[PDB]
Each structure stands twice: as C-alpha cells, then as structure tokens.
C-alpha cells in the first residue's frame, strides 16, 4: 500500500494481523508452548531517487504482541549506487542469515538457528552492510556482501556482542541458489564471564542450496557455530553459549494452483563440548504443515512439530509436540 509517489520518492505502508494459537499437552515441556500467540506488524519502506545513478532508502517494521515480545525488527537506512552496490546501517539481518533464510519458509515455526541479537545469524542491531548484486553488473546471478558488526555491550550476555566482520557469496542460476556466509566477532567481557562457553572470539558460518521454481520450494542448510549459540541449562538455571554447534535444516514445499501449500521440514541442532554436559541436542524435530492462500491478502495455516527431542534431554529442552493454527490478514 503506497501512500506517496511524487518527486521520485515512494513510501509503502504495510502490516498484518495474525490470529495465532499453539496447542501442546497441558505446555512448559513442549517445543512451542501452549496458548495464544496473536500479533500484529506495521512498517514502512521508502525509496528516493537522488540522481540518475544514486538512490536512498529506509525501512522500519515493528512487532506488536496481542497476548513482552514488542520489538523493533527492522530499522535502517542506506544508499544504492548504480553498479557499485549498496550500503546501509541499522538494525538489520546478519549476513549469515543470507544462508539461513533459505530454510526459513515454514508457516509458523522453522528458522530455529536464526536467533535475534546473536551476532550474525538473525535479527541484530548495529550492522553496516555493503551489498553487491550481479558483481558490478558483470556476472548475472553472482552476489556478495560484507558486513561490519559494531560492539553491543548490554545488561545480559545473551544479547551482547563485540566488534566483528562477516561476508557472504551467492549464485543464482536457472531456478537454483547456492550460498555461503561466514562471520567472526569478539565476545564481550560479560559473555566470557558466563559459565557455559569459553573463548575470546565467536564464529558462525553456513552454506545453503535452494530451488524456487515451478511452484516448488526445496532448501537445505548446513551451519556450524563456535561460542555463539545461546543455550540455557533449564535444570540448573545456567546460561551462556555453546562452544560448538552443528545444525542441519531441510525444507520441501509445493504450491497448488488453488492455493494449498503443503510443507515438510526437518531441523536438527547439536551442541558439543557444553561445560558439564558434553554433547546435547538443542533442536530436533520434523514438521508437517500446510498453508491455504485465499489470495495475496488472506491465508490460514496449520503447523505440526513432531518433536524428536528426548524427555531425558540433559539441558531440559522440551520434548513434546506442538501444533500451531493461524489466520492471517496482510496488506
């Protein structure tokens, strides 16, 4: 929904309402919880044409919970020059999300390893991102990004980070996409004080393949982290980071013409060398679900998580299944 178009400036307002309910046994010990999870979104996107070759842009988006959970998701501005690329700064996706966003396609769940405020894998504040598409207008399909992560010292370890760099490479050909991304940063003094996880530097990287054509969507991600994945020991009420993780995400979806979109997926996340515990799974589930698209504005969906986590998990990660049911209006 555009609200302004004059002097080469465009503004688009957008938002959605999501009525959303989670079902689990009784649901402290489930994958997703139990109860109401309804929320709304509001944001704008602006693009201004400064000259023939240069464009300016900003974007904001907020999450309002309708059930705590109220969050800015995007807040950034930047410039794009003809074939040199684009620069922007703000709260934006980490560059490793260039890989991980390949499998972030399920109706409600999925994307379990794209934590917010976790350096590079997800929704993070204070990142400057240089981006180049089709490699200086020379090689169509080939894209790359480099990103500087500013130091964020905050009250909790979970949401803090030090100075860091990362980058991504992508190639997109005949309906396929392959991607690799890597990032490293300093850990804050407070993080290194935490019980779990130890090391001066944190690191995250992932690769990915996707196929997005002929009403099919199929994507696979492999990632590894060092000292970067936040974990909590629900038994001893201890927090920190996992020294190493190894994560696999697979998704397969097909889009029927009449608007039904079934989905199957798998997610497995394993921490290694966790202080006190050793090897323990963080995430392990299959997902079967479907979305029904009535049109570009309206949809409903059901998202079942068959949880492979064992009830005897040592970190006390929840072992029960959760199904989400959701109805969505967006503009």
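Numbering follows the first chain given and starts at 1.
K.L.:
Are any deposited residues left out of the model between residue 26 and residue 27, and how many (none, 1 to 3, 4 to 9, 10 or more)?
P.N.:
Missing residues, residue 26 to residue 27: 1 to 3.
K.L.:
Select one of none, 1 to 3, 4 to 9, or 10 or more to describe the deposited residues without coordinates separating residue 67 and residue 68.
P.N.:
4 to 9 residues are missing.
K.L.:
Higher average CA B factor in the deposited record is what I'm after, so tell me if that's 132-140 or 73-81.
P.N.:
Of 73-81 and 132-140, the stretch with the higher C-alpha B-factor average is 132-140.
K.L.:
Comparing 200-208 with 152-160, which stretch shows the greater average C-alpha B-factor in the deposited entry?
P.N.:
That would be 152-160.
K.L.:
Out of 255, 92, 221, 189, whose C-alpha atom has the biggest B factor in the entry?
P.N.:
By C-alpha B-factor in the record, 189 ranks first.
K.L.:
By the entry's C-alpha temperature factors, tell me which of 103, 232, 170, 214 sits highest.
P.N.:
Answer, based on the entry's C-alpha B-factors: 232.
K.L.:
Would you mind ranking residue 302 by its C-alpha B-factor against the rest of the chain and naming the third, lowest, middle or highest?
P.N.:
As the PDB entry reports it, the C-alpha B-factor of residue 302 lands in the lowest third of its chain.
K.L.:
Please say which third, lowest, middle or highest, residue 123 falls into when its CA temperature factor is compared across its chain.
P.N.:
Residue 123: CA B-factor falls in the highest third of its chain.
K.L.:
Lowest, middle or highest third of the chain for the C-alpha temperature factor of residue 32?
P.N.:
Ranked within chain, residue 32 CA B lands in the middle tercile.
K.L.:
Relative to the other modelled residues in the chain, which third contains the C-alpha temperature factor of residue 242: lowest, middle or highest?
P.N.:
Within its chain, residue 242 is a highest-third residue by C-alpha B-factor, going by the deposited values.
K.L.:
Relative to the other modelled residues of the same chain, rank the CA B-factor of residue 315 and answer lowest, middle or highest third.
P.N.:
Tercile = highest for this residue's CA B-factor.
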